[PDB]
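*Asks:* Kindly return the folded structure for what I paste below:
(chains A, B and C)
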Amino acid sequence: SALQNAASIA
Amino acid sequence: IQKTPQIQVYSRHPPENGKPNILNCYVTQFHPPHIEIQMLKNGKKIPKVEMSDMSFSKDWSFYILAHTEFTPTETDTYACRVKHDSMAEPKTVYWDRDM
Amino acid sequence: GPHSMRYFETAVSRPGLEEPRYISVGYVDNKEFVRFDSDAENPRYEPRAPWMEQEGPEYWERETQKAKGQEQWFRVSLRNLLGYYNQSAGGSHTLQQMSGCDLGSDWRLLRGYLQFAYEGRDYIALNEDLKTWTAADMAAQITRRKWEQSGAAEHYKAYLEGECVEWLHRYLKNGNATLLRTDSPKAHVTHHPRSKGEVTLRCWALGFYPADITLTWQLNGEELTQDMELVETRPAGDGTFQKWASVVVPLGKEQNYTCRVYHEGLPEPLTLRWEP
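*Replies:* Numbers count the residues shown, from 1 in each chain, chains lettered A, B, ... in the order given. Provided below are the atomic coordinates:
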């Protein structure tokens, strides 16, 4: 299943 | 920055003049992903050409595998022309049953 | 043997009608099995392999949601990166992400993977510890700092050691009609007139998988790692691969040259020579 990135973005 | 596409033209199975086959045009190592790819038969563009979906490898570079049916013969000459930003003018590479 | 699962995600922006295109391809044992394209009529992770078709809506729905989620994240990280590199608006840019996990022959974890790339260059990647980062440049420093003060690394460490591995097992269990299999390279050499009294031998490897493979020519035990001709391994288009190596051998002295073909699917390395 897909990974979901941290709330912390680039 | 950009990256000049590496083109390769080759048949799927061993070429046998007269017998059907598949001619692949493997464009790789390029970037940005936008790219134009025509496959040719005697200078003229081949219509129904299968184009794989945008993909990329560990080194962050994209690659497409265009292909089409064809029947090699001594007469017919096949080639692949690739347009892309990393190049000022298109690149055409001709098929070579020994390569 | 060993296994893996990766999710290569790309977000690419163009000028005019804003809103970059988002794409996500996932692989299990480097074989595409799921794909998402914000450019579709109806964006939604599609199955991309007969086996994976046995999943059911609950799943696809949940995945498509996540993809919708990534899309937004990229969409914004992209506006931010744009500012970091002081790039003028109206351009065309690329944000890339590779994430996933590797398993031993025992199916246990071995490594987590999470790295980013902007414009095709390394931007920031999670180290092996899954606790620390590495920022390729100054702009990435800012990003790294921001990601440390928020412990965002833990979040990824959780996924990579858990869900990633939990689902890979599941996937491995279902699709077992090519994943618990590989193809051994068939080989042969070809004679090609090359010049004055000289010729060219071409060691050909065909119909093999996975793509990793190695060709070498030998003249009296010693490997000819110079004046040899290679060619990046390429897809035959049927799933297998091809590659070939060649050398210029003075006509008549063909037999004094042999090429071995190394490949996992192979019992033992193959040994070839010109057969007139």
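
*Asks:* Endpoints of stretch A:1-9, how far apart?
*Replies:* 21 Å (Cα to Cα, to the nearest Å).

*Asks:* OK, contacts around the residue of chain B found nearest chain A?
*Replies:* Sorted by distance to chain A under Cβ to the nearest Cβ, the residues of chain B start with residue B:60, at 15.7 Å. All C-beta spots, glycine's among them, are computed from the backbone N, C-alpha and C. Contacts for residue B:60 (Cβ atoms under 8 Å, 6 or more residues apart in numbering or on different chains) come out as B:31, C:96, C:117, C:120-122.

*Asks:* so it sits in a helix?
*Replies:* No: counting by DSSP: H, G, I helix; E, B strand; the rest coil, residue B:60 falls outside a helix, being coil.

*Asks:* Can you name the residues of the stretch 51-200 of chain C sitting close to chain A?
*Replies:* Contact residues, the stretch 51-200 of chain C versus chain A (Cβ under 8 Å from any Cβ of the partner chain): C:59, C:62-63, C:66-67, C:69-70, C:73, C:76-78, C:80-81, C:84, C:95, C:97, C:99-100, C:114, C:116, C:118, C:123, C:143, C:146-147, C:150, C:152-153, C:155-156, C:159-160, C:163-164, C:167.

*Asks:* Secondary structure element holding the one residue in chain A that gets nearest to chain B?
*Replies:* Chain B sits closest to residue A:10 of chain A, with a gap of 15.7 Å, by Cβ to the nearest Cβ. For residue A:10, there is no enclosing helix or strand under DSSP states H and E.

*Asks:* now residue C:164
*Replies:* helix C:163-174.

*Asks:* List the buried residues in that helix.
*Replies:* By neighbour count on 16 or more other Cβ atoms under 10 Å in any protein chain shown, the buried set for helix C:163-174 is C:164-165, C:167-168, C:171-172.

*Asks:* Quick one: the strands in chain B, in order.
*Replies:* Taking DSSP state E as the criterion, chain B carries its strands at B:9-11, B:21-30, B:36-41, B:44-45, B:50-51, B:55-56, B:62-70, B:78-83, B:91-94.

*Asks:* Could you do the stretch 151-276 of chain C as well?
*Replies:* Secondary structure of the stretch 151-276 of chain C (DSSP state E, counting those that start in this stretch): strands at C:186-193, C:198-208, C:214-219, C:222-223, C:234-235, C:241-250, C:258-262, C:270-272.

*Asks:* Reformat the ones you listed as TSV; add mean neighbour count.
*Replies:* Output for the strands of the stretch 151-276 of chain C, formatted as TSV (neighbours: other Cβ atoms under 10 Å in any protein chain shown):
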stretch	mean neighbour count
strand C:186-193	15
strand C:198-208	20
strand C:214-219	18
strand C:222-223	10
strand C:234-235	20
strand C:241-250	20
strand C:258-262	20
strand C:270-272	16
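
*Asks:* what about those, which gets the closest to residue C:138?
*Replies:* strand C:234-235 (38.1 Å; Cβ to Cβ).

*Asks:* Can you name every helix or strand that that closest one contacts?
*Replies:* Applying 3 or more Cβ pairs under 8 Å, 6 or more residues apart in numbering or on different chains; DSSP states H and E, we find strand C:234-235 packed against strand B:21-30, strand C:241-250.

*Asks:* and the residue nearest to the spatial centre of chain B, what does it touch?
*Replies:* Chain B has residue B:25 as the residue nearest its centroid, 2.1 Å off, counting by Cα atoms, centre = their mean. By Cβ under 8 Å, 6+ apart, the residues touching residue B:25 are B:7-9, B:37, B:39, B:65-67, B:80, B:82.

*Asks:* just to revisit the earlier point, adding distance to residue B:13, write the strands of the stretch 151-276 of chain C out as a markdown table.
*Replies:* A markdown table is the format used below for the strands of the stretch 151-276 of chain C (distance: least, Cβ to Cβ, whole Å):
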| stretch | distance to residue B:13 |
| --- | --- |
| strand C:186-193 | 12 |
| strand C:198-208 | 9 |
| strand C:214-219 | 20 |
| strand C:222-223 | 30 |
| strand C:234-235 | 13 |
| strand C:241-250 | 10 |
| strand C:258-262 | 19 |
| strand C:270-272 | 20 |
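
*Asks:* So which of those is nearest residue C:27?
*Replies:* Closest among the strands of the stretch 151-276 of chain C, using Cβ to Cβ: strand C:234-235, at 14.5 Å.

*Asks:* Residues touching that closest one, excluding its own?
*Replies:* With Cβ under 8 Å, 6+ apart as the test, strand C:234-235 has contacts from B:8, B:10, B:24, B:26, B:65, C:211, C:241-243.

*Asks:* Check the secondary structure at the residue sitting nearest the centre point of chain C for me.
*Replies:* Central residue of chain C (Cα atoms, centre = their mean): residue C:30, 6.2 Å from the mean position. When classified by three-state DSSP, residue C:30 comes out as coil.

*Asks:* Please tell me I have it right and it contacts residue C:182.
*Replies:* No: between residue C:30 and residue C:182 there is no contact under Cβ atoms under 8 Å: 11.3 Å.

*Asks:* Name the residues contacting each of these two.
*Replies:* Residues touching both residue C:30 and residue C:182 by Cβ under 8 Å, 6+ apart: residue C:210.

*Asks:* So which residues on chain C come close to chain B?
*Replies:* Counting by Cβ under 8 Å from any Cβ, the residues of chain C near chain B are C:8, C:10, C:12, C:23, C:25, C:35, C:37, C:92, C:94, C:96, C:98, C:117, C:119-122, C:190, C:192, C:202, C:231-232, C:234-238, C:242.

*Asks:* For stretch B:44-60, measure first residue to last.
*Replies:* Note: stretch B:44-60 ends 33 Å apart using Cα to Cα.
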